[PDB]
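First up is the structure itself, then whatever we jot down about it.
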Amino acid sequence: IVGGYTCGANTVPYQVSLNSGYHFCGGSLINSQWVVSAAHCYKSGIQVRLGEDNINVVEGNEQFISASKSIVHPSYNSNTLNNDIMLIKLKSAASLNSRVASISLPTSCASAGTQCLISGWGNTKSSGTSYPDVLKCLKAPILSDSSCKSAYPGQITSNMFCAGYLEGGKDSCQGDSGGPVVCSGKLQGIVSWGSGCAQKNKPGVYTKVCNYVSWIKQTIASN
Ligand SMILES: NC1=NCc2ccccc21
Ligand SMILES: [Ca+2]
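In terms of mature numbering (1 follows the signal peptide of the UniProt record, and there is no 0), the sequence shown is residues 7 to 229.
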């Protein structure tokens, strides 16, 4: 997260870290057994880390749970990042509490201009590299589809939206992928891609979760 702020420990209790020896992506807890992330975060041997603030220090509220299965969206296209969504099932259910909590799925899509909370442990610099140990947060509005498509001609599908600031300075970044965009208490986005981080006229691009609610619900009911 570039241009954001330190969230505060466990203030984003649905935020998870995906670990394969090291943090490599975010995700969102949607019930005690299931996490949503980005398809481009797929790999084998994922451990889901819940209740994290400093990802390099055991502070006492973490739960570390191996994935038993991962399900990449059937239409995911790794070339274009269309349908950049996957589901991860936990081998044992998380113990839900104030610091480990699920986030609700959309009941409809959200409007342009709606303010959202984006969070993650990704790079905090727009030029160069610095990775935080503690979770970072950013408040950012959903941008109009025309501003999104103008920024990324030929790359935006109906399964993507942009959020952030056309002036730059505030954005998600590498290492935030798979994490949440929460608007009005609903998981409306998954951190997906962008051109650079926090650059003018290049806002972040997010998977449009509201298009996937039926797929999510049916997939988790059958797995
Ligand atoms: N907003 C983003 N710009 C580049 C990038 C990489 C990975 C996730 C998000 C972004
Ligand atoms: Ca920790």
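A virtual CB, placed ideally from N, CA and C, is assigned to each residue, including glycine.
Once the 5 residues before and after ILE36 are set aside, which same chain residues still bring their CB inside 6 angstroms of it?
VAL42 and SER108
Tell me whether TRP127, by its Cβ, gets closer than 7 angstroms to a heavy atom of ligand 1. no
* Could you spell out where the alpha helix (DSSP H) holding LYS155 opens and where it closes? => 151–157
Handout entry: Helix, strand or coil at residue 247 according to DSSP, with G and I counted as helix
Key = For residue 247 there is no data in the structure shown, the boundaries of the chain being 7 and 229.
| Coil, strand or helix - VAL63 by DSSP | coil
*asked:* For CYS154, which residues in the same chain have their Cβ closer than 8 angstroms to its Cβ, ignoring the five residues on either side in sequence?
replied: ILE162, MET166, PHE167, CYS168, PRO209 and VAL211
*Leaving out five residues on either side along the sequence, give the residues of the same chain with a beta carbon under 8 angstroms from the beta carbon of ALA116.*
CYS122, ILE148, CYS189, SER190, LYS192, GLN194 and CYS216
field: Proximity test, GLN39 beta-carbon vs ligand 1 heavy atom, cut-off 7 angstroms
entry: no
Fill in: Reduced DSSP category for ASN217 - H, G, I as helix; E, B as strand; rest coil
helix
Practice prompt. With ligand 1 as the reference, list in chain order each residue whose Cβ lies under 7 angstroms from any of its heavy atoms.
Written response: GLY128, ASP177, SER178, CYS179, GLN180, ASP182, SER183, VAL197, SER198, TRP199, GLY200, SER201, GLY202, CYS203, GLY210 and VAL211
Point to revise | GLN224 burial status per 10 Å Cβ neighbour count (16 or more: buried) | key: exposed
inquiry  = DSSP three-state label for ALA45, please.
reply    = helix
Per DSSP, what kind of secondary structure is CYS203 in: helix, strand or coil?
coil
What does DSSP give as the partner residue(s) for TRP40 in the beta ladder? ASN37 and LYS95
Sequence-distant residues of the same chain with beta carbon closer than 7 angstroms to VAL219, five excluded per side: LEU111 and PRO112
Of the choices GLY66, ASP59, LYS95 and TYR82, whose alpha-carbon is the least far from that of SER72? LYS95
Problem set entry | Closest residue to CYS31 among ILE77, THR12 and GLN53 (Cα-Cα distance) | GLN53
query: Which residues does DSSP pair with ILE109 in a beta bridge?
result: In the DSSP output, where bridge partners are listed per residue, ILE109 has none listed.
* Helix, strand or coil for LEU87 per DSSP? -> coil
Original post:
DSSP three-state call for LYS176: helix, strand or coil?
Top reply: coil
Problem set entry | Touching by the beta-carbon criterion (3+ pairs, under 8 angstroms), the region 20–34 and the region 54–67 | yes
Task: Assigned secondary structure, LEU141 (DSSP; H/G/I helix, E/B strand, else coil) - done: coil
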